[PDB]
Amino acid sequence: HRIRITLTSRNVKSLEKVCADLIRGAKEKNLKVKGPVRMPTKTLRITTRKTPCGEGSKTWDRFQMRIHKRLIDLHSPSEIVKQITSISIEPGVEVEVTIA
Amino acid sequence: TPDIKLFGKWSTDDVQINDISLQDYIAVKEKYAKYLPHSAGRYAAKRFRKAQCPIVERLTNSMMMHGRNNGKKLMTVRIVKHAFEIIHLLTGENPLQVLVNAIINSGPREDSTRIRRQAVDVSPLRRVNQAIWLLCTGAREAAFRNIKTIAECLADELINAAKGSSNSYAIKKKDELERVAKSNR
Amino acid sequence: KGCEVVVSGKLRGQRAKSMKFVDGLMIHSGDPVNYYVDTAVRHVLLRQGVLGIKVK
Amino acid sequence: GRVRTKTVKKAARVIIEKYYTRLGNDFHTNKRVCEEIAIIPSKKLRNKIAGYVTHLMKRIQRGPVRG
Amino acid sequence: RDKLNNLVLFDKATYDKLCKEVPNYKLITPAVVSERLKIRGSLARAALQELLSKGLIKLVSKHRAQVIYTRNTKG
Amino acid sequence: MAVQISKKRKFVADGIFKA
Amino acid sequence: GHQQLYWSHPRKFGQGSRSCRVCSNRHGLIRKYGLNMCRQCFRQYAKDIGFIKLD
Amino acid sequence: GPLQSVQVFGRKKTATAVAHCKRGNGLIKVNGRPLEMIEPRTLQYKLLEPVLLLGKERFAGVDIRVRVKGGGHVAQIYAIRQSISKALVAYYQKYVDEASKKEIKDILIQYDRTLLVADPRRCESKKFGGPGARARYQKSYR
Amino acid sequence: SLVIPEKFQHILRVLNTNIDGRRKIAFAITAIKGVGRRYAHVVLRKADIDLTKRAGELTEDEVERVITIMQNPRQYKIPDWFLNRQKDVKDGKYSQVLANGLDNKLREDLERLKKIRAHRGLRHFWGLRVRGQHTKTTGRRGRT
Amino acid sequence: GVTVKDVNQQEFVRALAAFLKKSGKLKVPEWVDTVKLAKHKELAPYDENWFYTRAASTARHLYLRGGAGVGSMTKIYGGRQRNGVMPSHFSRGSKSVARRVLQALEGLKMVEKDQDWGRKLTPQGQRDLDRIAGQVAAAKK
RNA sequence: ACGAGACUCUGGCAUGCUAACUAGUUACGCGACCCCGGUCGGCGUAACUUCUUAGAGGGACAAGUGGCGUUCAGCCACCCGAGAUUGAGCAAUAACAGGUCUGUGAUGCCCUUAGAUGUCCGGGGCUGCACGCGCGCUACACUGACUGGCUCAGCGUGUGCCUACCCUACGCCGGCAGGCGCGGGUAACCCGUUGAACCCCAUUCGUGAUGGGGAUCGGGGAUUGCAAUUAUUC
């Protein structure tokens, strides 16, 4: 019964939509789904030099890449929420089913 | 206590600012008489917020100079504590009163400026700043490569500078500037 | 709403050139230039060297 | 320095041109009028032009106008 | 510049003068009786503790870096 | 996956694949 | 003979073993998050891998 | 009977202390140890300023225990003194009449705003071409 | 008692070097070339000598053990890692090579290097830097 | 009542160091003359019987936060390796000398072992620390 | 029409708002000692989000008052308050014969191509040392050094397609640098409650080129590597 829908994405709005879609949309089937938990945002920073050569003032680019992770938890067998997850998915959001 | 907020174990009242000029720019009294020099800060946000800062805190901050001592305010409050306990044993007076007279009898009343070198008058806030700065620098040099510790040199500076005893680094720099200002007045 | 074509490199000589073709509206500054302005850069090998083609 | 740009003023002026009778003195009541009567995609710009709508409103009761 | 040579343990004359002057002073710290007995701050850190045992000079406050002693109370 | 590539590398791996 | 003189000098580490996955150039390499990309090529392909400039 | 529990947090920098104030007989315990034995003791009087401004009759029947984390030796003391002060004013706002709460708020705000209203300042981002935020390396000419 | 003791020895020639006996006992022996800061504390921790006073108050016959500790290390439970001379190409024995002994062993292992004409030996013979430093911008005031 | 957190910790290790000198059943090793107490140290520990202050220390560190292993105790005894000419660093402490404290306090049953890995405090050593602060409490009354 | 601005990120607050065995807190049963009571980052749990994480909305405008401003535009104060000028990013027109052909399987032309300027292997060299410059690090000590004792961080990284080189707990042996079993973690789960330094508290040292300073230099022990000498580091 311990199934976690693990929603990880880079964009915030596609992740809020898809997570709310399995909470707001998963209202009128009387499911026992527990509220949304947000893991701390993993901010991947790579600081390179702008210049191809070594010439001029030392200017650096600071490329960031914020990636987010969210948990959906419920006490029911597999196909009762594979009905829910299979419909209206996003390329941007990666969703992994942990049945155990 | 509503009786009196005693500065660790020191007096608030009976600390007269006996000069009728510097009475505004000396914070020792009534609204700024606290248990310690150490404050939150935020006196260096505006122009004339720095004057209302208590002088125990001004002399505390002035004492941490020359690179190695930078941002050691817990060391300097302890230097102030020791050099304040020393003055009461050596003088027989409230160290705040001896400090007040030391700041007042150290601040130079005139200075010279390139307009060519012409003598001008000095602001009372610069008088407080230069008085504090010259006293701390005199204490700083006096305890360098010497067995005499910083609190012993700081107390000897503030007793000599309260008296106008002429052995002060601060008084000798003050008498120099006022004479050199008078040279082209 | 507007566009900008810049064709840079060799245009008859040993002293480089860049022909600029502006029209209408064009933003350079601000964050809007991520989703408003569509930019492309190509090389092209004509027999005297390489011409660079910059479309906005 | 807090000078409002021409963008703020020539949006505020036409907000009073169309909807003068709805407006009042205090900033908060007619910031909420600026919600519906103006499409603004920036809440700092919204509060900037709302703030000028009140200042232009206060000087209307003294007498004449810019235009 | 000018060398300052000191005593590592007390002479008769040094132990004589610190018995008859150092209890009769107001500011009794090791850095003052290092100046005027021409001894070390180390030898004063034994001398002022040896006068604490004799019970002539009273301590004010003891910090790691600095300790202070004073003359007697009269009454 | 057996080597089980982490979340900070999965976004990278799809990114470089797209490029 | 010369087939003991191709890569018989063992290649198990160093700057000669690894290079950028676009050019095969041995300098300014980024191994952080398993890019294996030269700083010039990364700054070119920053936008389209997913990296953004915000600060 | 009905619990008169109040939880009030405070902060100076990334240091943050939250004082749970309860209806008791007098108890101030910082992470289990009391006010007298939290070092430094040179900055103990900055912890006594909530007490001696108000006395021990504002701290008559309150048991204010603290839990502190983050920051440093000075900032954690500034988090404590703020939190236990705010915490008493919050307990005396809800469960006692607000007239006496205003009488206390007068003294605590008039003494230092930090005792009630926190410091907004944090540390700055380091910009390249220099070691700190607003400092650059040595510009060598020639 | 507390005053300067009689039978006072200010200078104390211990393995022919005039030790100034006005210093704490561990830091007084450091003048001897082969005992530093570390060796002295251990060789006076082995034999019970109180580390509270100078070398002026100690007995002349009580330091008979001291030289035999300082000269013979391993005999009084001193560990083998503690010794400066360890497993020498010439003798093989572990020692503490002291004032004149050390000076001889330096030139012995320098002549050993120089006479076989190893690269390490010649930079010692020419007064160059032996452990591969950059001598482009160092050695200005000591030279010429 | 009094416990260990209600006394100044700066005199508790000294008071408990005096107590374990009175007991004298601790099983002390035989390198106390020569050993240097971490890689960042310059001199030897100046206390002639220095081992009797750290056995007094470690039990306090196990009383407050239990589960302090060998590597965790070396992490606690860390200092500034002043590297002469180059910039300084943090230096994690020496293993064996602090491992021969938690081996020395294993023999005399005052610290113990449990699950999760690591040493911890035996339910008798809690009492044996409570009645050291008992003397320290009324030494400042 | 562009640039400035507006914009995006970040910081400050929110007892109000949304949600949490990969965050806690309060209360409760149990367990330990405790001289009716304290501490517990000791075990387990029925509420709740003050602390934590990141969502959505609010919040701040020269808005209120007072002057000055012909006088609009505005300026300076003061109240109220979490802020009454946070910090970055982005960034026009026109140029410089700046720098890069040693980032490119982007590159015209010139020169090479089995006499190699292609390609790999074995060694050396970029470090060589009478000198001259620039960026740095440690200091010249007593506001200090050495030795003990005490109490708190926040940004990140991690088992790599190539790809081994991860991070490391716990317990033994070793003075130490290290070695050996036995785990945990593809990570708000483990290292980790990241017990960081300085500062604070107590000891010795005493103006001496001293226990300031630690360059050069002799001897010995492991680690990485196929290989350390011109010494990898420790």
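Chain I is numbered as in Swiss-Prot, which gives 2-145 for the residues shown.
Cβ atoms are placed via backbone N, Cα and C, with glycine included.
Under the heading N-acetylserine, Swiss-Prot lists I:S2, citing similarity to another entry as support. Look at Swiss-Prot and you will find I:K91, I:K94, I:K106 tagged as SUMO2 cross-link. Taken from Swiss-Prot, the feature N6-acetyllysine applies to I:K94, I:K106, supported by similarity to another entry.
Classification of the residue listed as 'N-acetylserine' by DSSP places it in coil, neither helical nor stranded. Neighbours of I:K106 (SUMO2 cross-link), defined as other CB atoms within 10 A of its CB across all chains, total 18. For the recorded positions given as I:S2, I:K91, I:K94, the lowest number of other CB atoms within 10 Å of the residue's CB is seen at I:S2.
Counting only the Cα atoms, the space from I:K106 (SUMO2 cross-link) to I:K91 (SUMO2 cross-link) is about 10 angstrom. A gap of 52 Å separates the Cα atoms of I:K91 (SUMO2 cross-link) and I:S2 (N-acetylserine).
I:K91 (SUMO2 cross-link) falls outside any helix or strand according to DSSP and counts as coil.
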